[PDB]
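Some notes on the structure that comes next.
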Amino acid sequence: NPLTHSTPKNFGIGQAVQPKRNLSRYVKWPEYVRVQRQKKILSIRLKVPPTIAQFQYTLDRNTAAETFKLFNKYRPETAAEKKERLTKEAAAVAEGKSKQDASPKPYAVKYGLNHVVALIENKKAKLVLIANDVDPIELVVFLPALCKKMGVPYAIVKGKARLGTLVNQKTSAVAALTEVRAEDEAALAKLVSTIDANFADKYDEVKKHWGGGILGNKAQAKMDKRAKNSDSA
Amino acid sequence: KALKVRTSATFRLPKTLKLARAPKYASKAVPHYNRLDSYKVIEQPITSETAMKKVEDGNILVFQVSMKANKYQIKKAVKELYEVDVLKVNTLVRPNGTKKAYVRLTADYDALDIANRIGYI
Amino acid sequence: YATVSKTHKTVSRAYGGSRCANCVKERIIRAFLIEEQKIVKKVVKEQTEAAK
Amino acid sequence: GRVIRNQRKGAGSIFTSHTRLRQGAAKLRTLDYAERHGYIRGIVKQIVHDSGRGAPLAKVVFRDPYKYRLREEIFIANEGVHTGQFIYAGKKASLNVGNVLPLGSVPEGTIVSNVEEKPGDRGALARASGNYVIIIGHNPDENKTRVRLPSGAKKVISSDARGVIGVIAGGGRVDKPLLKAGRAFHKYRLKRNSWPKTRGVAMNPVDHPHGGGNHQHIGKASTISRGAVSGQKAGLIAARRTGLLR
Amino acid sequence: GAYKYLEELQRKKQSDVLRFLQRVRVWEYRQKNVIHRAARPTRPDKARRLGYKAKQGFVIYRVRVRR
RNA sequence: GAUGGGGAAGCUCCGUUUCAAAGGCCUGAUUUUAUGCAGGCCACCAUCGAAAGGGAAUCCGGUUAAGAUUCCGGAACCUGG
RNA sequence: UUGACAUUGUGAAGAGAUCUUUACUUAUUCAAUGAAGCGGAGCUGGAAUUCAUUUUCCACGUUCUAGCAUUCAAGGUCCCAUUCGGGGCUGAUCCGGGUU
């Protein structure tokens with residue numbers, strides 16, 4: 001207390017070598033980082049046509065959680081289950097003379113983007129989820145147009161990873177239900193009614209809009225102070 | 001949620017584990033036997049009048065030693081073959097393309113005594 | 001110099017084997033009388049607050 | 001024909017600069033926070049002679065802001081500086097000889113040297129000895145500044161462009177007759193291989209456009225079009241007038 | 001199948017959507033090296049009718065030649 | 001003069017720290033065992049290029065048909081451990 | 001050295017029955033640095049002169065001197081289980097991560 005002294009260090013330029021601060025904003029990133037950050041900035045600055053930007057309207061977290069808990073019931077067989085039931089029918093079918101229909105009718109989510117697209121065309125899809133993902137965007141951009149054309153409900157949900165876990169893949173890019181059990185028959189239509197509203201019923205009016213055109217916020221702040229302070233002196 | 005704190009603007013490779021080799025097969029499968037050994041280091045003595053005049057005087061053995069041998073391998077294979085102890089080794093490459101060695105045994109020995117033990121004197 | 005005792009390479013002042021002892025005499029004068037007048041400057045910045 | 005002597009300087013073999021004794025590239029300090037929001041003080045350690053140049057250099061030693069050390073830089077020394085001088089650098093610095101300020105910070109009629117074309121090029125204009133630019137006016141909106149280049153041209157630059165106050169040392173240099181071919185030999189050994197110059201008149205039709213003939217004479221006009229092409233250009237190039245002034 | 005739709009979309013290269021993608025992509029590549037590794041085809045059905053399969057040992061590279 | 005990159009049908013050219021995720025240290029943390037995990041660091045970032053430039057340290061006497069500041073005898077010195 | 005087409009997107013003014021200005025930024029181009037202090041809002045005074053109350057910009061730790069400035073920072077405060085010391089907040093305003 002008597003012996004301890006109070007230094008204070010004076011950062012007033014001109015003196016006191018600066019302290020260590022957080023430079024996280026200023027660092028020079030790798031050139032792969034800096035590409036994928038400006039590949040986002042450049043899709044925001046440009047004017048994105050109406051058939052893009054119909055993505056980025058995506059099912060919000062509430063109906064999202066409600067949506068998967070329906071599909072989560074219907075997940076396809078795993079490898080082991082298939083491995084397991086390939087023993088049963090072997091022992092079941094050959095012995096008891098049965099026709100190898102001995103197993104129940106499976107009800108599972110349909111996946112793959114060549115299969116689902118062919119389901120929609122024969123109108124066998126009761127719902128469809130779509131990932132705002134798929135960097136090769138052209139794969140997925142006509143689906144809202146077929147669904148709305150063929151009178152199939154559809155949705156756009158964030159991520160192909162979550163769409164991938166219920167199919168047991170890494171990534172998926174689509175999902176569908178062509179069949180549903182009577183316990184979930186009523187729980188199905190409560191999702192559709194909320195899903196038809198925000199996607200397939202807004203489809204026509206969304207095709208007017210052009211997204212993007214958002215200025216970065218050092219440009220936005222200089223625009224405003226020119227656009228505001230023109231008027232008010 | 002929040003981000004890191006970097007006190008310096010430089011981003012360098014994160015140091016990631018390096019993994020030692022675990023070869024499936026081996027390389028040459030037979031380790032090569034000792035290439036330069038006791039007997040291949042010193043092939044012959046040197047019998048010329050000038051050579052033999054040091055042996056019988058200055059207690060110095062004079063050998064024709066292989067080209068690949070250095071003063072460490074020589075001092076070691078004189079001790080091993082001929083049993084002696086060595087003060088000093090001096091070497092020169094003769095201008096026929098071979099190397100001569102002047103090996104000076106310690107005062108505990110007489111090179112003349114060992115010189116005639118292997119059959120030259 | 002790697003072979004030599006340290007008394008050959010040094011003198012026993014501060015800044016021994018480096019500055020010429022009249023360059024140490026100054027930078028003591030200059031370190032004392034600059035941070036002397038520098039205290040008188042910081043009271044005037046307390047007075048210039050209350051004086052105005 | 002042959003390839004002439006001025007076409008032969010481009011490939012730059014024996015024509016490069018003689019760089020050995022040069023103290024370094026004389027520049028101003030990198031433009032940073034401390035200098036554009038305030039000032040930072042160095043002191044000039046020694047003002048010294050640079051080879052190949054006509055003007056002395058000064059070495060001022062700053063203190064690095066973000067790391068403990070000293071950093072010393074090479075300024076072309078303005079006339080009147082002296083070792084032991086404090087040299088202040090930054091927006092809020094003061095108007096005195098040797099202090100480097102932005103040009104917007106100085107009144108019109110101020111004499112500065114080693115001024116920058118664009119902010120942060122570490123100096124361009126008026127670096128030769130005795131030269132200076134004058135600040136003749138400002139343009140506080142869409143910020144510019146009106147300065148008079150040492151030739152007499154009037155250029156308009158940014159107002160964030162720094163420049164150092166005063167005249168560059170080494171004035172009066174060309175007042176002294178050179179007097180002999182030896183002293184011009186010791187001049188260009190430290191610069192480059194330009195010297196001596198054989199008159200293109202005195203060489204053959206291969207060596208030059210002016211060569212040949214049973215008398216020494218050019219034979220066609222010595223003024224050449226700006227739209228001439230490689231190797232045609234020798235003599236007075238694209239001149240608007242010619243001949244002794246009156 | 002889904003590849004008869006992608007086929008026709010890439011035959012309209014001045015359509016307002018693809019001339020957006022062409023503009024965002026060409027900026028991507030010009031930052032990358034002149035020859036670099038493509039983790040995945042940009043035209044899955046264009047490569048596929050040329051003999052590409054999706055399996056280990058079919059590799060895609062992206063190459064930029066002066067014009 | 002490689003590397004990274006950039007041209008070039010190509011042989012190869014540019015450039016030499018350049019639009020680069022370019023590297024291994026000082027020991028504290030261990031007394032299960034040696035080195036995990038630790039804070040801090042330092043950003044100079046190939047190599048080549050001189051028997052006349054820079055540079056760690058050796059002298060006298062004797063000796064051979066022909067070698068010696070090298071061999072002999074004696075008296076020193078430097079460097080790494 | 002010029003014109004046209006392509007790179008090449010966003011839209012306003014003014015003349016001519018297409019041109020000249022001029023805006024936007026993200027492409028494209030240039031420049032700097034061991035990609036550190038950008039843009040926006042703030043608090044303190046205060047030039048300011050108040051026609052309701054702030055309308056607005058400037059500010060905002062260093063100038064007799066060839067001294068000195070580095071160890072998560074001393075101080076201040078509070079935690080953890082006191083054990084020697086360690087972890088927080090501030091000292092050093094906050095937000096957007098567009099390196100300028």
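Numbers run from 1 along the shown chain.
Looks like electron microscopy, 3.1 Å, at least that's what the header says.
Even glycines carry a Cβ here, placed using N, Cα and C.
Taken straight from Swiss-Prot:
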CROSSLNK  D:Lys45  ubiquitin cross-link
MOD_RES   D:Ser51  phosphoserine
CROSSLNK  D:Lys92  ubiquitin cross-link
MOD_RES   D:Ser94  phosphoserine
CROSSLNK  D:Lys118  ubiquitin cross-link
CROSSLNK  D:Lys144  ubiquitin cross-link
MOD_RES   D:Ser158  phosphoserine
MOD_RES   D:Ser159  phosphoserine
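Sequence features annotated in Swiss-Prot and their locations in the structure.
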residue: D:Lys45; record: ubiquitin cross-link; Cβ contacts under 8 Å, 6 or more apart: D:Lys59, D:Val60, D:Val61, D:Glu72, D:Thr83
residue: D:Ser51; record: phosphoserine; Cβ contacts under 8 Å, 6 or more apart: D:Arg20, D:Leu21, D:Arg22, D:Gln23, D:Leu190
residue: D:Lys92; record: ubiquitin cross-link; Cβ contacts under 8 Å, 6 or more apart: D:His37, D:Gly38, D:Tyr39
residue: D:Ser94; record: phosphoserine; Cβ contacts under 8 Å, 6 or more apart: D:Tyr88
residue: D:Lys118; record: ubiquitin cross-link; Cβ contacts under 8 Å, 6 or more apart: D:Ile157, D:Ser158, D:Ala161
residue: D:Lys144; record: ubiquitin cross-link; Cβ contacts under 8 Å, 6 or more apart: D:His138, D:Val156, D:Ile157, D:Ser158, D:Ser159
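When other Cβ atoms within 10 Å of the Cβ of D:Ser159 (phosphoserine) are tallied across all protein chains shown, the result is 16. Taken residue by residue with DSSP, D:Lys144 (ubiquitin cross-link) is part of a strand.
The Cβ neighbour count for D:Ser158 (phosphoserine), using a 10 Å radius over every protein chain in view, is 17. In the three-state DSSP reading, D:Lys45 (ubiquitin cross-link) counts as strand.
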